[PDB]
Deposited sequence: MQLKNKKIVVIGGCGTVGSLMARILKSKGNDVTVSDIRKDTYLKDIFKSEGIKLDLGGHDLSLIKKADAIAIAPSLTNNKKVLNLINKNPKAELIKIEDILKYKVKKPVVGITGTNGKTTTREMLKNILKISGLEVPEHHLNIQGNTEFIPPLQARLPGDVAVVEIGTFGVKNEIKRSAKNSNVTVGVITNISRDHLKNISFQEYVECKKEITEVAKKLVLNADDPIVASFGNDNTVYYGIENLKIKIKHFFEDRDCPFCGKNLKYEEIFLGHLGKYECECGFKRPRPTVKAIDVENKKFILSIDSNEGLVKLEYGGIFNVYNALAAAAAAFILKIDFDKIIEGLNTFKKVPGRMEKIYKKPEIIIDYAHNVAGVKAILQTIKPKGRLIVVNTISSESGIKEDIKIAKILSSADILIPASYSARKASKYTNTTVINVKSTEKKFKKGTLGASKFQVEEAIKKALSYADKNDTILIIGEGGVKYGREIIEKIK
């Protein structure tokens, strides 16, 4: 119970440091040269007074302890101020990291589905009366460990990697992850690195998490399994779908894996002659249909009715379910959490009726495959691709080839245009994707997405579907359509 200043306490980490210290009972006040923060609402909500547009010397001087945001650990202007109060005690992020997390921490990792799994679980937990710490940020590595140190009952955090080694591991150990979840593994973030190296990065979660929630339908994820592992998966479909199959090699002997049934891409029921076989999942999805399936866990069975449907959403729901089960959450509550879950925007979002216009965050082969498998246009399919795969041209090409099923493909980014020359469908381009004046990757712009959408509307009938995929598309689609009305 002391007086603490948090210089640069409006930054991503500064904010969390501030809140954490405040949650231990302290006369906390944030000091920042910046005069604007979206965090004023949550700051005032938790009893953290502000001192923006410059630092109050009296504040700093009187205060007993001062916290410094990592991004300003060695800033002359800031240290010339911290040393105006030499007898005060310093609190850098390492000190806050020393703080013990005792709350159960659920860590979610994987290629796709992390966000939806995370929010589904957050819903399940919340309606069950459990406090989950929110970082309340508009954006790293220190976010997950610090978020988990915020007050609450159970922490649910995202631990991803661009493919950088020990990222997952360091952040997971620092978050004290007790329950480790892996949604799926596929090609993404492979800019310079190998797919193999990426998989090795993902395996890191299994080096810290005591318990593991693994996808049994993903051979690579499944092979990570230990003694404290709960597996989830699909046992059967009642609907017929397009496989979009992707090969997988046996992780133990290297031979190409044989599949007896396929659900989505590389997710299915597999086996190897060496003896490796898909584990029978205890958290399963029975009689899967588009927007309805029976979730079965031990002796319990409950009908899940999802708003946004699709096999990949079934998988997200299974992972969330499995995590909750590990947490001993009542079955009916797991069901309620799933059935009342509100899907995140940008996830198969309808933003126009005739023609149908959907926007979706899909940004890799697995994402495009998932939505293409789920989407069922009654009319034609016009795709507007704003994707500029972070892996590079190789996956862009793969995505374009996948997109060949589209009646029309309209590239909305430089990368997407470049890649579309290797696809076997009708390709209609726009001038904004014609010449890149600068070097290196240049993501889809508002104007490029604008031109592409207009071209799409120009070709679409009232009964057609225009699917807008990618970051740029989700980001500018609504306003482009609204300014066009």
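Residues 1-4, 144-146 of the deposited sequence have no C-alpha coordinates in the model.
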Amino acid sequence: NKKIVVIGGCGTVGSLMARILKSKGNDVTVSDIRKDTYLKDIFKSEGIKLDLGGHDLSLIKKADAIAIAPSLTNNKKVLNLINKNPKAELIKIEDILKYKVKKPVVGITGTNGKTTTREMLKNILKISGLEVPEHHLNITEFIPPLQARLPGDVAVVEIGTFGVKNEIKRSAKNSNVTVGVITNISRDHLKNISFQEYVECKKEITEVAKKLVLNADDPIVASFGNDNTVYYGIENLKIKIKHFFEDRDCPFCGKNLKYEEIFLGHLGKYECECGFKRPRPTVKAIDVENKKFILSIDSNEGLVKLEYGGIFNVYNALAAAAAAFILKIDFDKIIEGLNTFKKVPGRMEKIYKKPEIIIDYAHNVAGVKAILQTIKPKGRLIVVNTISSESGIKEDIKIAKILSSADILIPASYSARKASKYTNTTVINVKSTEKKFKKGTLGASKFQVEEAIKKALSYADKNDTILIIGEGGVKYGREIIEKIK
From here on, numbers count along this sequence of modelled residues.
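Note on 126-134 vs 304-312: mean CA B-factor is higher in 304-312. The mean Cα B-factor in the deposited entry runs higher for 88-96 than for the other of 152-160 and 88-96. Across the options 393, 222, 387, 72, the residue with the most elevated CA B-factor in the record is 72. Going by the entry's values, 271 shows the largest Cα B-factor out of 217, 247, 200, 271. Residue-level temperature factors show residue 454 in the middle third of its chain, judged at the C-alpha atom. In this PDB entry, residue 397 carries a Cα temperature factor that places it within the lowest third of its chain's modelled residues.
In the PDB entry, residue 239 places in the highest third of its chain by CA B-factor. When the CA B factors of the chain's modelled residues are split into thirds, the value for residue 115 lands in the lowest one.
Ranked by Cα temperature factor within the chain, residue 253 sits in the middle third according to the deposited record.
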